Each structure stands twice: as C-alpha cells, then as structure tokens.
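What follows is the residue order along each chain.
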Amino acid sequence: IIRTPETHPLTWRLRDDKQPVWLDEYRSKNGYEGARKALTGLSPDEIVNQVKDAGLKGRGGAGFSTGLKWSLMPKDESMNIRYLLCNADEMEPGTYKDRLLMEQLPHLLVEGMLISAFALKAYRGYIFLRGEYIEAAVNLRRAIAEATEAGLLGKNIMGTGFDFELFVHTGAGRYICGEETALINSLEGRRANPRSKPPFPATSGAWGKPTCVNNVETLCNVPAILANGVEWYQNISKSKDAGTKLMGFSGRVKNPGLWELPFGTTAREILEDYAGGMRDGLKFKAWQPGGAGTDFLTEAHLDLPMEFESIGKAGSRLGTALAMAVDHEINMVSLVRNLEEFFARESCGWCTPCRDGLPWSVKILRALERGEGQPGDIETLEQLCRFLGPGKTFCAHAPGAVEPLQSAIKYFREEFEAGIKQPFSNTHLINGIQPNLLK
Amino acid sequence: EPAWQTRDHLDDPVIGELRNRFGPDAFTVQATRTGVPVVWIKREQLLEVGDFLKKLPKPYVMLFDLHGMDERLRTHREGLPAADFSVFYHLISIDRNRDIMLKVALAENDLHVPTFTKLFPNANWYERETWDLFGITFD
Amino acid sequence: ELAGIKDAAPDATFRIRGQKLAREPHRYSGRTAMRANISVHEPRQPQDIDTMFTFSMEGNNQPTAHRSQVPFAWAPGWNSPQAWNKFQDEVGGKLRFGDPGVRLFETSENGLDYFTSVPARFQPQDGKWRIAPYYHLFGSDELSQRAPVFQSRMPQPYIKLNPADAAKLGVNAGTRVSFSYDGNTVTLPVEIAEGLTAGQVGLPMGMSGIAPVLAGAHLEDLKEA
Amino acid sequence: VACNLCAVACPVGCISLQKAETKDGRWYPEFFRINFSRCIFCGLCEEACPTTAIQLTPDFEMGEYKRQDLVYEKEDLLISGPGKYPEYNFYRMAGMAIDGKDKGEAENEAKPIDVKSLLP
Amino acid sequence: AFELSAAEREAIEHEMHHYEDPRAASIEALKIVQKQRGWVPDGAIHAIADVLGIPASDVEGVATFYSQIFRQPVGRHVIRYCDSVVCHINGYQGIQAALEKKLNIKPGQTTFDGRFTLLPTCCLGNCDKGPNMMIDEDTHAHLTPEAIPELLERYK
Amino acid sequence: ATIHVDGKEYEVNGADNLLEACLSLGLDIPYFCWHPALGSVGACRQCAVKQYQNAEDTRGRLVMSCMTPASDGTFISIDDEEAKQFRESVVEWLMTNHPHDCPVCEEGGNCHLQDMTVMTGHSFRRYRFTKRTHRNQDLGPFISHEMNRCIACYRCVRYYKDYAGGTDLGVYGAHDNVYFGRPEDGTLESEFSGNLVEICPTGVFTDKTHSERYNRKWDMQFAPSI
Ligand SMILES: NC(=O)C1=CN([C@@H]2O[C@H](COP(=O)(O)OP(=O)(O)OC[C@H]3O[C@@H](n4cnc5c(N)ncnc54)[C@H](O)[C@@H]3O)[C@@H](O)[C@H]2O)C=CC1
Ligand SMILES: Cc1cc2nc3c(=O)[nH]c(=O)nc-3n(C[C@H](O)[C@H](O)[C@H](O)COP(=O)(O)O)c2cc1C
Ligand code: SF4
Ligand code: SF4
Ligand code: SF4
Ligand code: SF4
Ligand code: SF4
Ligand code: FES
Ligand code: FES
Ligand SMILES: [Ca+2]
C-alpha cells in the first residue's frame, strides 16, 4: 500500500525495516519546513488560529479541539513562564499508537512541540513518557540532541529570538499519570492524584504557571498543518473531524496492526480490508472501539464510521480509535473481570466511588466467573455503573472503568446470568438468636 | 399514600364549615401526622368555636382530651402561631367518626384561658390538671 | 483596671427560659450506680451556687440557646465534634450569639515614646557563661511536667554548647559537665548547638532543677565533671 | 468489652462500669456493678449488648436483708460459661488485634497488604 | 545504614537542574537509586529527602504510589508479564502458567536463589504483538509457552 | 446570593461553597473530606446534591456542594431520590472495608462516620466479600493509631501538612491500600498533632491519654474552661 505524503501526513516517512528516522533523513523528507515557516513568517496568535480553524481535535481520546485549548491561555504579558507537556504515557490497554509514533519518528514529535511551544509562547517543554518505552526514550533523547546540535532547540532557534528547552521525563509506571492534572502532579514530583477543574491547566497548571498538555499524535499532526496549510488539512476527508487518525484492530485477527486512515472510515474496512478479519475457526462476537475504557459494540455496529459523533451516538466512544476484537471463544465475564481488575488496581485512591466500588465489581465478577454468584449481584453491578458515571467521581477514570461493564451487561447478559448459582447469603447463623426472615 | 404521611386535612367538612362560619383569617390549619385536623384558634373565639362544634348537624359531642404544652424550648415551630404555652382540646364526633384538635396559644405572662366546663363537664378535671402541671389559669 | 471581668460571663442567676445550663449530656448514665459501692442511697446532686451551670443533665444545651458559654457540642444526628457547626451562626465563623470573653482594655488614643536604651553588643567574657533560654512545649510549664504522660515526651535534661566553646573546654557531645549557680553544683550532659553564639551556654527553662528566672543570668566554673 | 452500651441503654441507669485494657490490647471491665434494688429487669441492657455478654437468666430468687447487699459487683455477675448464647465471640468479628488473633485473622477479613509490596 | 554514592548524588542534582522546583526530581531520584541498587531501601527515602529538601513522608508516599519503584527487595532480573485485556484475549494465562512452572513461584514473589522476580504489569503498549513480557530492560512479544524456558535461560 | 434548596428560598454568601452555606442555614448534608478550617477538596464524594440549570428543570445533575459555589440564583435539591441514593451508596462503599469495631473503638458515640451512616439511612449490609486490613503504627504517647477504621478522606494529611506545617505524617500506597501515618514507627513531631483526634472523622487517631481511662462522650461531665 502506497503512502503518499498528501493523504498520510504522519506515516508516509516510515521506513520499511521499522528503523528510526534521524535528523538528516527527516530533513531530507520535508522535515522542519513547517517549524521554519511558523517560527519565521508567522505570529504565535496566527499559528494558534491556524490550528484552530484547521479543525485539529485532541487525539488523546476526548476529541477536544486543540486550537480552542491553545486560545484559553492567558493574554497577560506578565506570565512569561509557560509549559508545554506531551502526554506520552499511553497506558490504556489496547493503545499502541504513540509507541510507533516516537519509536521510529521522534523528530516529528520534536518539531511538533517546537511549533506548539512557539505558538503557546511556552518557555519550557516536557515529554511525560511512560517508563516502559525505553526505545522511544532513547530515540527521543537522540533526536533532542540532534536538534540541539542543529540549532532547532535551545537558545536563539533559527535566529528568531525564541528560546525553547525540551526535556524527557520518564515515568514510574502508573496508569493514572496519563490524566493531565495527574500528569502535572506527577511532573511536580508528587503523587499522581488529579485536580479539580476549574481552574484548567491553561490558567494554572505546572507549578502554578500556564501549561498546555497535548497527546503525541496531536503534536505530530501539528507540523503537517503548519507546512501544507489549512486548506489541505480540511480537504483530507469529507467528515466533521478533520485530518487523519491512527486506527487499527487488535486481538486474534489475521493482521493485528496500525494504519493511518481519514476520519469517517468505517470499522468494517479496518477489520476486514486492513486487519484481514478474524482468524481461522473464530467468529466475531464484540469489539471495543477506542481501548479498554470504551463500551463494547456488536456486529451490527461494525458498519459505522469511526468519528466521535458516530460512535458517540451508538452508546460508546471513539476514544483512541484502536479497536479490540473479541471472538466467540472469550467469555465476557472473564474479559470484564480482567478489565475491572486493571481499572481497580490502577485507581489513584483519591475519591470514594472508584476506590471502594471498583473492587466490589471485581469481587462480584470473580464470583460470577467461578459460578459462585448470588442474586442481586448484577443489580449491584448496574448500580455501580449508574453511580460511577461522570460527575460522581473526582476524575474520568471510573466512568471509563464502568463503560465496558454496562455495555457487556446490556449486550451479553446471558453470560452474566450463568454465574448466579448459589442463593444469597451474607449472614451466618448465630445460636440463640432467631433471625429476621425478610420476605 | 402511607398512613403516616403529614396531612393538613383541608378536605375535612369541618374545616369548610369553620371557614364559612368564622372566616378564613380567624384560625390557622396545621399539618401534622396526628391524623386529625389541628386548628389554632384565637383565645377569645374558643367558646364560640366550641358552641359551633357542639351545634353542628353532626355535632362534636365528646371532649376526648384537654391539656397543655410548654412551647418555650420548641425550636421547630414552623407554620405555627407565636406561643410560649399552648392548650389543646381534642374533640370527637362519633356520628361523623371524626375528631378535631383545637389549639389556643398563650404568652408567658397572660396564662389565662376561658374555661370549657360550660360545654363539657370533663373539662373540670382536665383544666385542674392543666393548672396543676402547667400553671395555666382557667377563668 | 479589672472592671471588665464582670462582663466576661453572666452571673449565677442567668437562665435559658428559666432553666440552668447542663454540664453533662441528656443521655448521662449510671446515676443510680456510680456511687452504689459507697452507699446504695443516692446522694444529693451537687448544687452550683457560684455559676449558671448545674451538676446534672437537667439543663439547657440547645444550639439555638441565647448564650456564649457552651460546655460541649451535641446536636441530634451530630454526636461528633462537627456539632460545633450547629452551634455557630455560620460554619467556620463565630459562635451564634458571640464568642465568650471581653477585652479588658481598648487601644489607647496616643502611644509611647521611643525607648532610647539601646543595649551594647554581647561580649563573651572569660569565665562567665550567659544562660541562653531554651523552652520546650513539653516540660517548661510548671504543671505540665507533673502530668505522668508527659515524662515520655519530656526531653532529657541537657545543656547546649557552641562547637568553639566545647572545643575550648575539651568536652564532647554527651559528656557530663558540672556548673555552680548560687552555690549549687549540678551536672548535665552536653549537646553541641551549632546556632548558639559563642560565650553562651544553653539551658532548658522550667525543667527539673532549672528555674525560668535563670534566663539571661550568668554562670560560673562551668567545667567537665 | 466494657463498651458501656448497656449502662446508657438502662432506663434506670443502674449499671456502672469502667474500661480497662490488657497488654495484648483487649478491652474488659475493670469493675462492673448493677444496683439490683433499682433494676426493673426489663432486658434492655441484654438487648443493647453487642457481644452478648450481659444476659438475663431464668432466676427470680433474689431476696435480700440489706439494700447494700443488692449491689452486685463483677465477682457476683461473671459466670463460668457462655449462658444463653453458646458460640458467639465478638473478638472473632472485631478488627482490633488481640492475643491469639492478629490483623486479618477475623471473619470476612483479608491479610494486610503492605504499601511497599511489589504487586500493582 | 544508608549512604548515597557520589554518582547517585550528582545525577540527582543534575535532575533537579531540569526543574524550577527541587521536589520534581523525587521520582527520578528514586529511579536512580533503584537502577543503582535494584530497589529503594529504607534509608534511601531519608537520603533523597535530605538531598532534595522535601520531607521524607512525601518521598515515601511517592515511592509507595508508583508500581515501578520497588520498596521491597527483588531478584537480579524482574520479569513483568502483561495481564491486560488484549493479552488476555491473546492468552497470557498460558504464559503465566509456564512462568510459574519454570520458576516455581507465584507472581509477586522472588526465586529462592534471587535470580528472578515475577510480576504482573499493565498494558505495555504492544497489543498488536501480544502477549508481551517485560524483562529488566527488554520487551519480548509473540510469546508462546514453549518458548518461555528457552527465553529464560539467556538471563543469567 | 439567592439559592433555592428543595423549593425553599435562602439568602447566602456567594463567596461560600454550597456545603458550608447549607450547613449555616441548618440543613443537613453528609460530608467527610471537607473541613471549615481546611477547605474543600472533593475527595469523599459524600456531599452530593442535585443541581438544576433553571427553575423549570427536572433532570438536574449530581454536583458536590463543597466544590460548588453558592452563587446567586442557584437551584439545588438535597432530598432528591438520586442524591439520597448516591449518598447512601457512598456510605455503603465506605462500609465495605470497615472493621466490626465500634464497641472496642474510642470514637464510638463520638464518631462522624457513625452519624453519617445513620443520617444517610444505611443499615443493611449486602457486601459479602472480605475487608482490607492494615497494620498499626506507634505514633508516640499521645496519639493511638488504628488504620483499619480509615475511610481515606485525607483530612489528617491536609491538616497536618498544609495547615499545621508538619512533615512526618503522609499518605502512602495506592488504589484501595492507602495508608495514612508516619513513614516509620516513632513519635509525631508536630506540636499540634493532638488535633488529629478531632480532625479524623473515624477512630484512626485517638487520644491515648484518654484511652487509658476511657469513657464514652455521653458519660462525661463537661465544663467550659480555659
Ligand atoms: N491512554 C489514553 O490515551 C487514554 C485516554 N483516555 C481518554 O481520556 C478522555 C477523558 O479525558 P479528560 O481530560 O479526563 O476529560 P475532558 O474531555 O474533560 O478533557 C480533555 C481535554 O479537553 C480540555 N478541556 C475540556 N473542557 C475544557 C474547558 N472548559 N476549558 C479548558 N480546557 C478544557 C482539557 O483541558 C483536556 O485537555 C476519555 O474520553 C478517554 O477517551 C482515557 C484513558 C486512557
Ligand atoms: C484516567 C485517564 C487516563 C488518561 N491517560 C492518558 C494517556 O495515557 N495519554 C494521553 O494522551 N491522554 C490520557 N488521558 C486524557 C488526558 O486527560 C488529556 O485528554 C490528554 O492528555 C491531552 O488531551 P488532547 O487529546 O487534546 O491531547 C487520560 C485521561 C484519563 C481520565
Ligand atoms: S476516579 Fe477518583 S480514585 Fe479513581 S483515579 Fe480518578 S480521582 Fe482517583
Ligand atoms: S434489665 Fe435492669 S439493668 Fe438491664 S436495662 Fe433494664 S433496668 Fe437496666
Ligand atoms: S455488657 Fe455488653 S453492652 Fe455492657 S459494656 Fe459489656 S459489652 Fe458493652
Ligand atoms: S471509627 Fe466510627 S464507625 Fe469505625 S469502628 Fe470506630 S466508632 Fe465504629
Ligand atoms: S486517617 Fe482519618 S483523617 Fe486520615 S484519611 Fe483516614 S479517616 Fe480521614
Ligand atoms: S494489552 Fe498487553 S501489551 Fe497492551
Ligand atoms: S465533603 Fe464534598 S466531596 Fe467530601
Ligand atoms: Ca463552685
């Protein structure tokens, strides 16, 4: 499959031997042209408005528009100290797009942070990276050294007077650190408890200073916009969500992989025309569109375009757009138990409903797995779904935790009914006391 | 609706009869869980209300109870007339199978009520006990 | 000058709608068994002719009672120290009818003059040790050291020395030195206080055997025992 | 466990007791006296006991010559067996650690997990 | 008895050069101590607190918060197998059973000779090549239960 | 500022949050992690009410009264069915790991968690699984430590570190194994560490000097003194 630079702005310069692209090869293949144009011929407000009217949305999984997030930075000239953070955590199960993005294209991320830091007037930049991406860390550090030697980073970048210093902050292995306020707290050397918003990090983020946090893929989408223009970016696809997106299917398919597709590409083309469909002897049962924190969908939802509004209207989320396919051999109770065990052991412990209700769901699903389920367990799971939604917990970790549970209860309830075998028993008999026989 | 719900009993025909006889501003209807219509009557209209209830088409013929209450320490007196003490009169009409609780508010210094013995003779001992335990004088 | 103490608290005739203020809660227990070993007959309740409080539960402790002296916070449904929220006008503010206590004096219209007695600088004289006061929250108070639970929290009695003074005396940290004050030789172990200025020796005030009036005094023949 | 629930639930207020603690950390009454000249034998203390320690037994022959001898101390109340509830033990339910029962050894309780453990 | 080495201390100060607050180098200081000594001992918390100028309670809370900072002693090699949803679909349980059979230990435990420490871990970002295992610095994908003891013999 | 609580109009301070404004009016909202001297953090998720956009609104949304300002023209409901159910669910979740310890606990009869368990109306247990446990620490001669009773409301660490300025108390651990205490056994070094016995809404931090000769709150003869 040919990857022209006009329709594959991110992955057209990948090498066929899966090797990283360094500074000379990157600059030979139209590298740092958008950074040069932005830093020389464009004001920071012009770059912010260009990203805004290009329609670039957040690729972290929420779909918030990046230009509006950049526009809510304070207009006071007294706040000269500003921070740009790259959320290179990518700790969601089913998500592997940032690893491919910086393990073999680090200079794209470096250029994107350079452009975003000039646009945001960000004096410092940090790449909050997970500790498990060692090769990505090595490639990013080598690319930072190469860009500093070439004058692309440091003091007096391109002679324009703009000074930008970029660091890589390798994390210590916790899933909640991907939350942007928890990311800021972890960057400050604290426990990664998230923060209540308002105030948003644009007003008071890292060390009280104005801070903008963006995903790896958004910052990789930035230089293509700055180099080729807005009119090219809006004409990539005829959909509401502008630009391309890294989509792909994972789990017992013929080609579990990663491709760059325009928005509006239906999930059946990703599963069959790209991933090759299910493996031999396996039939399709369900799929999660955007990682471990999204609602399950059935075969009837496979003919749906992978946009935010289209997947949102089906009772799920687009998320990271890396779908995971479940075949008929996988029990839904075991899968949801694995998901909830992950979500319960990756809680940050701050707020009560997640911290004290995800283990209850884990224990209920464990009881349903071994057939020790008792009546009222699924009603308890449904109430845990209802009372861990948005606004009930301090952050959005627990709504994403309870989305697969409620989608599996909705679509595959007969597998959950099969675990309830024992009668309900919470009390043991105490001799000499007649119990209250509640009918 | 459960039997313990708070009701004002404005659908009671005695409330409408008292509205048509004494006027809407003459007394205050209190919503309680007693199950009975509680009407706060002004003191100078107490014997008139007693005569009117005794001369109804289905009269209130029995003074079920008559006693007092110290309202000085009562903090939750919302929707109630200002009172330091109060005297309540529980009256039963057997023909209607209904009953009504009249309440007379009293200040701490003017603790005197017109006596109820000309309408119901059990008010003798009831008012003697109310004077004994609360200090309310019955003229 | 002490005429304001009359308005500190209301007198013993103060009542809340005729009743006194309760010292103990309404669910106080054991009344017919607290003294049953001494005598099975219940004694007379202790009368308080001095103040408006009573030695019983037959009193007023309503959160809406018009008073400033609250013996304890309790509300129906609020048994914790969060009942003080019920006892306030607004939560975290003042008491509902004013906090107790009255200032004896107001701010004067005119002030003092400048004190021209500027002292001379501290000169470390040979053979005399200025007693620098050291205070401890557990131990300096006269009555708090008598509390037996404090002796685990009360520090050991040391004496503080400068590194230069300790090197001049040839003493280390932890060794015992003896000093005579008013013809009384007492020995104490030594810590090395780095921030203490030379020519001074540091004594913990209010301790066992160290009176607080020793602060600012001088010491003689402070030597290793 | 000297929790004083029976003393406060007594409508006569004829129970007096004081909490003491052993070196292992279990609670017990330092003393326990009931003024049986005041007690109305209403069983509210037994109803309020969360350990089934205090019990009302089928015994009515309690006549006395002096009223001071109707004050029964802990020596006159503590019997050698379980009484009407032969198997209930509160300290098997409680989370407090005592002798013979460390943390996590009670009913429906898991072993304590250290914060320094390597598991996520 | 703990004492920070000179190289550890200089690396810590170079880390606090990167931030406007010295507290922000606590995670990387703990990681430096962990890389030098395998884990973070009890006195390392007070040493890092003394160097950084922050209380030791915050350093202990950070060390106990993060799963990749080990406050208990581990073996010379740490096996971390993914147990998330995609590797559950790809069958990590056979890999875990093979690991428990070869090492004769449960997850979270250490081999009797101190060579291997078996640990579950969250998604490694390699779901398209699952199941995945992460030994000390190397990630291994496309795992099979037959290749587990062959793979384990190259880590002496 | 004008608020409407359950259809009744109230005049409050717009600079206050909804929880302290509603507690100043005499209304009862359960809460754990908010203190008047410490401020609002939105941790325990117990103070939930239902806020409406306007007067003619029926759906609403669950907000937290400690984290919501009591601005002018606010419309909230405390006795809403969903808010009551969520507050009872929060008490139930806190009660899943709580030890059966009230008779042998020095906070009994003086416990904020007891009052809020009764206030939310939660008296039936349907959780049938195990409860997490914690070892205790020796915190010195004044404070007794019992970490099984913790509800992870972060009042102790907020008071001790932000307010009192102490250094040796902190929060350690993770998802449901959060531990509140010292990094090692030793005496609490703050001169105001004794306020933890009233700051903590549970019996984790208790007056050991009182715990020697312990008696319940209802059995005390109290006086106002200096
Ligand atoms: N590894 C991954 O990529 C993971 C991604 N996610 C995604 O995270 C999403 C939730 O992200 P959150 O940040 O918790 O929620 P969110 O949707 O509220 O925030 C997303 C972005 O929008 C910005 N934003 C929203 N409203 C704003 C306003 N009024 N003013 C200023 N900025 C505003 C935030 O600053 C943030 O950068 C989920 O939809 C999920 O798909 C979740 C888990 C893991
Ligand atoms: C529990 C949780 C975990 C998250 N983890 C990540 C993550 O690992 N990587 C990421 O880019 N965003 C993550 N996010 C989303 C961020 O909050 C935020 O949307 C993102 O870092 C930047 O937004 P953007 O999409 O505009 O770039 C997470 C959100 C939540 C609630
Ligand atoms: S939902 Fe609450 S406890 Fe869970 S990760 Fe978010 S803030 Fe932490
Ligand atoms: S039975 Fe006796 S001791 Fe027990 S509560 Fe009743 S009166 Fe008190
Ligand atoms: S007898 Fe029962 S209720 Fe009374 S103090 Fe002992 S354990 Fe508590
Ligand atoms: S802290 Fe409160 S709820 Fe917990 S055991 Fe003690 S009294 Fe009971
Ligand atoms: S120990 Fe007490 S104050 Fe601290 S978080 Fe736990 S319950 Fe709250
Ligand atoms: S689920 Fe195992 S690598 Fe992602
Ligand atoms: S008091 Fe508001 S969430 Fe805790
Ligand atoms: Ca006196």
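To be clear, the structure that these remarks concern was listed above.
What this report covers is the structure whose coordinates are included nearby.

## Considerations on the overall build of chain F
Right, so step 1: In terms of helices and strands, chain F carries six helices and nine strands.
Right, so step 2: For chain F, the C-alpha radius of gyration of 19 Å lies close to 17 Å, the compact-globule estimate for 226 residues.
Right, so step 3: Taken along its principal axes, the extent of the C-alpha atoms in chain F is 55 × 45 × 40 Å.
Right, so step 4: Residues classed as buried in chain F amount to 63% of the 226 residues present.
Right, so step 5: In chain F, of all internal contacts separated by at least 6 residues, the share reaching a separation of at least 24 is 65%.
Right, so step 6: The distance from the centre of the 22 positive side-chain charges to the centre of the 32 negative ones in chain F is 7 Å.

## Section: the arrangement of the chains
Right, so step 1: Inter-chain contacts occur across nine pairs of chains; the most extensive set of contacts lies between chains A and E.
Right, so step 2: Separating chain B from chain D is a minimum C-alpha gap of 23 Å, and the two share no contact.
Right, so step 3: Of all C-alpha pairs spanning chain C and chain E, none lies closer than 18 Å, and the two are not in contact.

## Re the environment of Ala15(F)
Residue and element names in this part refer to chain F.
Right, so step 1: Tracing the sequence through the fold places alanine 15 in the loop between β2 (8-11) and α1 (18-24).
Right, so step 2: For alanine 15, a relative accessible area of 71% puts it in the exposed group.
Right, so step 3: It is 32 Å that separates the C-alpha atoms of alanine 15 and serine 190, two residues lying 175 residues apart in sequence.

## Regarding the interface of chain A and chain E
Right, so step 1: Facing 53 residues of chain A, the contacting portion of chain E comprises 39 residues.
Right, so step 2: Taking both partners together, chain A and chain E bury about 3800 Å²; carbon and sulfur atoms supply 56% of that area.
Right, so step 3: Our count for the chain A to chain E interface comes out at three salt bridges.
Right, so step 4: Taken together, the connections running from chain A to chain E amount to 20 residue pairs in polar contact.
Right, so step 5: Within the residue set of the side of chain A that touches chain E, elements represented by two or more residues are β2 (124-129), β3 (165-170), α8 (180-187), β8 (322-327) and α13 (332-345) of chain A.

## Topic: a negative patch on the surface
All names here are of chain A.
Right, so step 1: Negative charge collects at one region of the surface, where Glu269, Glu272, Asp273 and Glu299 lie side by side.
Right, so step 2: Tracing the backbone through its elements, the reader meets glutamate 272 in helix α11 (residues 267-274).
Right, so step 3: On the accessibility criterion, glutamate 272 (41% relative accessible area) is partly exposed.

## Section: the pattern of salt bridges
Right, so step 1: For the structure on display, the rule yields 75 salt bridges over all chains.
Right, so step 2: Ionic pairing is found between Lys57(A) and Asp241(A), a salt bridge with its closest N-O pair at 3.5 Å. Separated by 184 residues along the polypeptide, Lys57(A) in the loop between α3 (44-53) and α4 (66-71) and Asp241(A) in the loop between α10 (230-234) and β5 (244-250) bring together distant segments of the chain. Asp241(A) carries the same exposure label as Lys57(A), and that label is buried.
Right, so step 3: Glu165(A) is the salt-bridge partner of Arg124(A), the closest N and O atoms lying 4.0 Å from each other. In this pair, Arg124(A) sits in strand β2 while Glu165(A) sits in strand β3, placing the two residues 41 residues apart along the sequence.
Right, so step 4: Each of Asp70(B), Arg72(B), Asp84(B), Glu108(B) and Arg17(C) takes part in one network of salt bridges that share partners.

## Thoughts on the site of ligand 6
Right, so step 1: As a matter of local geometry, ligand 6 sits amid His98(F), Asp101(F), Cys102(F), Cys105(F), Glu107(F), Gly108(F), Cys111(F), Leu113(F), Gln114(F), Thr202(F) and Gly203(F).
Right, so step 2: Of the residues contributing to the shell around ligand 6, the split by class is four nonpolar, five polar and two charged.

## Observations regarding the sheet that holds strand β7 (residues 284-288) of chain A
Residue and element names in this part refer to chain A.
Right, so step 1: An order of β6-β5-β8-β7 is seen for the four strands of this open sheet, with the pairing classed as mixed. Each of the sheet's edge strands pairs with one partner strand only, and the pair in question is β6 (259-262) and β7. Averaged over all neighbouring strand pairs, the angle between strand axes comes to 35 degrees, with direction disregarded.

## Focus on the packing of aromatic side chains
Right, so step 1: Taken as a whole and assessed by the stated rule, the structure comprises 41 aromatic pairs over all chains.
Right, so step 2: Judged by centre distance (5.5 Å) and plane angle (45 degrees), the rings of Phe150(C) and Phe142(F) are tilted. Placement of the pair is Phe150(C) in the loop between β3 (129-134) and β4 (159-161) and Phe142(F) in the loop between α3 (112-119) and β6 (143-145), with the two residues belonging to separate chains. The residues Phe150(C) and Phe142(F) share a single accessibility class, namely buried.
Right, so step 3: The structure contains a cluster of three or more aromatic residues connected by ring pairs, namely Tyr83(A), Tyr123(A), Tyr126(A), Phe167(A), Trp207(A) and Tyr19(E).
Right, so step 4: Positioned above the aromatic ring of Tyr133(A), the side-chain terminus of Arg130(A) is 5.1 Å from the ring centre.
Right, so step 5: Over the ring of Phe22(B) we find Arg21(B); its NZ or CZ atom is 4.4 Å from the centre of that ring.

Rules of the game
As drawn, each chain counts its residues from 1 in written sequence order, possibly unlike the entry's numbers, and residues without coordinates are not displayed. For this description, chains carry letters from A and ligands carry numbers from 1, given in the order in which they are written. For clarity, the chains displayed are a part of a larger assembly, and the values are limited to that part. As a rule here, side-chain values cover all heavy atoms of the structure and leave hydrogens and water aside. Secondary structure elements are defined from DSSP: runs of H or I of at least 4 residues count as helices, runs of E of at least 2 residues count as strands, and each element is numbered from the N terminus. To get the radius of gyration, use the C-alpha atoms; to get the globule rule, take the number of residues to the power 0.38 and multiply by 2.2 Å. Only protein chains enter the area calculation, which uses a 1.4 Å probe; residues under 20% of their type maximum are buried, those over 50% are exposed, and those in between are partly exposed. Whether two residues are in contact is decided by their heavy atoms, any of which lying within 4.5 Å being enough. By the counting scheme adopted, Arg and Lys are positive, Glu and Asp are negative, and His together with the chain ends is not counted. Taken as the charge centre is NZ of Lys, CZ of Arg, CG of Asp or CD of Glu, depending on the residue. Once two parts are put together, the accessible area they lose, assessed with a 1.4 Å probe and summed over both, is termed the buried area. Salt bridge criterion: a side-chain nitrogen from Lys or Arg within 4 Å of a carboxyl oxygen from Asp or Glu. The definition of a polar contact used here is a pair of N or O atoms within 3.5 Å, where within protein one atom must be able to donate a hydrogen and the other to accept one, and adjacent residues in sequence count solely through side-chain atom pairs. Residues enter patches when they are more than 30% accessible in relative terms and free of salt bridges; like-charged ones are connected within 9 Å and nonpolar ones (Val, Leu, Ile, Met, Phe, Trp, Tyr) within 5 Å. The method behind every accessible area is Shrake-Rupley, applied with a 1.4 Å probe, and residues are considered shielded solely by the protein chains displayed. Any residue with a heavy atom lying within 4 Å of a molecule or strand is counted as near it. Classes in brief: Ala, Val, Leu, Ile, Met, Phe, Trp, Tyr, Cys and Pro nonpolar; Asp, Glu, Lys and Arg charged; the others, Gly included, polar. Two strands are counted as paired when DSSP detects at least two bridges linking them. In this analysis an axis means a line fitted to C-alpha atoms, helices contributing only their contacting stretch, and an angle means the value between N-to-C directions, from 0 to 180 degrees. Between rings of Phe, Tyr and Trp, where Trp is taken as its six-membered ring, a pair exists when centres lie within 6.5 Å; planes separated by under 30 degrees are stacked, by over 60 edge-to-face, and by other angles tilted. Whether a charge sits over a ring depends on NZ of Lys or CZ of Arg being within 6 Å of the ring centre and within 35 degrees of the ring normal.

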